[PDB]
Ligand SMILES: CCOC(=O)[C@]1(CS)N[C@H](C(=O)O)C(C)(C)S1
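Taking the form solved without this ligand, here's one chain by itself in structure tokens.
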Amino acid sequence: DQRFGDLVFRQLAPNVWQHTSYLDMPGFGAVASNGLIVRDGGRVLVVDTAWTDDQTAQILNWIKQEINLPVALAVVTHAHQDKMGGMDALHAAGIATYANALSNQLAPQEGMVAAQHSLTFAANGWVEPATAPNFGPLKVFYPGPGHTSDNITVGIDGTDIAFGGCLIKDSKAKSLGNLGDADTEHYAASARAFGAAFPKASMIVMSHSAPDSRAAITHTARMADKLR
């Protein structure tokens, strides 16, 4: 783990790093949130912001220092502060931003700034490719409503990594965490749909746990069975 200011960076594969930021949240302790940084040839792609603009600007500083290539775009995986809290920092840096159309719709009422571009999805869950131009190895998938109605997930082609965001919890998690905006009826199915979308992925990266095996998917889905 590389400590960089108050953030933590962890290399997961030759061209993939996890970014981690913390929010000292009254009543819940200091909460970690994870996203990804992916180098694709001569550019960098970001999955999710940090909790704040200042933290997100530090992600961009780390990228400048450690990779020193332009950030082509960012994709954010739902309209909550842990994933979209730093949108203004991205926009100030001239980075093109993408989110689920529904996330952009929800952003203002969630207290977030919307991304510049809206992803739409086919019936089977795969992103409509015209809406995700120049995504390179990022394979975007809407698994159905779960942690939130708008949650999306991302696989990284050329690696064994898939990012479940806030939908997936680790294999030893006691609970599904914050269910305030969750769809309790569809959660288990959506977690299983994520696993089926990225069947070869052996490292599952998540918003609020360290990377785990596919046991995170099975455990998450089993816990979600009890919400029905």
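A residue's number is simply how far along the shown sequence it sits, counting from 1. Throughout, rigid core stands for the largest set of C-alpha atoms superposing within 1.5 Å between the two forms. Shifts are known only where both forms have a C-alpha.
- Mean CA temperature factor is higher for 20-28 when stretches 200-208 and 20-28 are set side by side in the entry.
- Here 164-172 and 37-45 are compared by their mean Cα B-factor, and 164-172 comes out higher.
- The PDB entry assigns its highest CA temperature factor, among 85, 133, 155, 125, to 125.
- Residue 68: CA B factor in the highest third of modelled residues in this chain (values from the PDB entry).
- In the PDB entry, residue 194 places in the middle third of its chain by CA B-factor.
- For residue 105, the recorded CA B-factor ranks within the highest third of the chain. Only modelled residues enter the ranking.
- Among the modelled residues of the chain, residue 188 sits in the highest third by CA temperature factor in this PDB entry.
- Residue 159 sits in the highest third of its chain by CA B factor, as recorded in the PDB entry.
If you look for the form solved in complex with this ligand, you will not find it shown, but the lines that follow are about it.
- A heavy atom within 4.5 Å of this ligand in the deposited complex is found for one listed residue only; from 166, 162, 47, 191, this is 166.
- Between this ligand and the residues 203, 31, 69, 197, the one pair within 4.5 Å by heavy atoms in the deposited complex involves 31.
- With the partner omitted here, the stretch from 115-123, 131-139, 95-103, 72-80 that lies within 4.5 Å of this ligand by heavy atoms in the deposited complex is 72-80.
- Contact annotation: residue 214 falls outside 4.5 Å of this ligand in the deposited complex, judged by heavy atom distances.
- Interface membership of residue 208, defined by any non-hydrogen atom within 4.5 Å of this ligand in the deposited complex, is confirmed.
- In the deposited complex, at least one heavy atom of residue 178 sits within 4.5 Å of this ligand.
- Taking this ligand as it sits in the deposited complex, the stretch 147-164 comes within 4.5 angstroms of it through a non-hydrogen atom at just one residue, 147.
- After superposing on the rigid core, the one stretch of 3 or more consecutive residues whose C-alphas move by 2 Å or more between the shown form and the other one is 26-29.
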